[PDB]
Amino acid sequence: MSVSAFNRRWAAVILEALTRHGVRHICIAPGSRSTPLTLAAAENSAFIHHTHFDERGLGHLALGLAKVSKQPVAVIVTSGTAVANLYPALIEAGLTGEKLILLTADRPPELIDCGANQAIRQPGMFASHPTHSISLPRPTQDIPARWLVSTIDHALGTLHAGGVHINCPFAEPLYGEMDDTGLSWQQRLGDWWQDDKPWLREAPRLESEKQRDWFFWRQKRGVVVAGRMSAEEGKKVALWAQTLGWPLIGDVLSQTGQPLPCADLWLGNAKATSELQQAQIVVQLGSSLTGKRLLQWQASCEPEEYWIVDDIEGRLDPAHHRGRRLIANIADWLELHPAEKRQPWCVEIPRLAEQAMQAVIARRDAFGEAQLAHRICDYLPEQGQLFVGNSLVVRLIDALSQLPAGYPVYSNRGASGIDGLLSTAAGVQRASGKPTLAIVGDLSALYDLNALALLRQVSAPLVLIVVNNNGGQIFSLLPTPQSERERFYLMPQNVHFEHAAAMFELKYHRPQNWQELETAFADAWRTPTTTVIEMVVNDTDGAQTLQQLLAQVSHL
């Protein structure tokens, strides 16, 4: 009889269904139209609830949680620009594969296109960026509950990767005490309510077959390229490449231990490239490669075949090589394509890699961001995880540091946005419960500045280094025009982050040399809280150091 009651019974089915597909975390932003979803979610004991006031950060908080847990994560927002704010994290998820189930409340059809407040056209709003899109009908008992639960079971069950938009219209009244309205409608599901399985099980797997001619190809002069992958896959890939006796180019996102470090430097040396030309096959595991010299070498190399192995779908080779695009879990694939011990065929490149790291060590002392990146190993929290921000820092660490094999690295290198790094870091911390080191640039920190609110709640110490070089100094690294560079590229904002931390009652340090930095760290890892460490450095020193080291190493 009661529209409010059935609304909540309708919503309760939606949320309960999600529990059958491993949704545990649910991220909620405030609103009224979302009431049926939010109350069913708050009443449901399967969920861990997170809240935030900024829906774009809420998006990234969900992204962070899914990134580390590898589980689908649900988000509830109200109708309007709240929905639109989810787009960036949704777009990121579409590239790197996190399962964001967006439950977006909506006005009913009778309140669309009539000037009603906070009513917009929401179905189809994210275009092709979600993997599945569900535009739910207006709630009515004339549609069976088994339909609703089947619709959701289809979307989640077949979800290989990426986000799901579930548009959820509710008509007022939204409030009022609960009736029996919708109860017998709900009871039509029988003991599904006490079950732990989906109502409809549809879960086909998408996987490439084993490559039958691998034993042929593993005999050739090959190269292994390791992009983004799990910490455990990084260790397996490193051992695999070593046994193959193939050189391993390890991205900072690979956690391979980068046995040939500073590839971004030695790859600029013609001797290394001359040697790499003897390669008949390149086997790349993972993607979203970081460094410019590697992306240039990828683009320029011409093996007989180029293979890319990864569990996300689609083309991943921006150079469009003749070859194979193999969809698989990287660890599973390695077992299906095992290595057999063979003599290494590379002689020059190991020597160049050693000299390159040596050249960087010669310059380790200056109190700069390049040097910070270089030493970032000395500061990783024990049994923790690293979140690398975008722009220069990931590039500097990629080129200058040799990160430990199997030490977990996380990032937003799908679209490489600087818009959700603090809140994403917060979700990355909360999902694993591990001590976390996060490093971002100053424009990035400002962009998601209000996520400092989220970092007031962490389950383990989280150190946030904000590298302040007064602008987006990547545009000092790029050959930008000097006359327009500052105003239209760098965009220095001339701030510090002391008041930013103080506002949110977060410990803050502004270390002026290495001893103070080490002191700040020792202080920061002591408690389950976020410490902001602001490192003030000169604008272009980082960019100039990288360039100089590139030139030096090119002449070895």
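Start at 1 and count along the sequence shown; that's the residue number.
On average the C-alpha atoms of 541-549 have higher B-factors than those of the other stretch, with 541-549 and 19-27 being the two compared. According to the PDB record, 485-493 carries the higher mean C-alpha B-factor of the two stretches 485-493 and 34-42. Residue set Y175, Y447, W307, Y410: peak C-alpha B-factor at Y175 (per PDB entry).
The residue among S391, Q284, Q429, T273 whose C-alpha carries the highest B-factor in the deposited model is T273. For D54, the recorded CA B-factor ranks within the lowest third of the chain. Only modelled residues enter the ranking. Among all modelled residues in its chain, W199 ranks in the lowest third by Cα B-factor. Residue-level temperature factors show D191 in the highest third of its chain, judged at the C-alpha atom. Ranked by C-alpha B-factor against the other modelled residues of its chain, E516 falls in the lowest third. Sort the modelled residues of the chain by CA B factor and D365 lands in the middle third.
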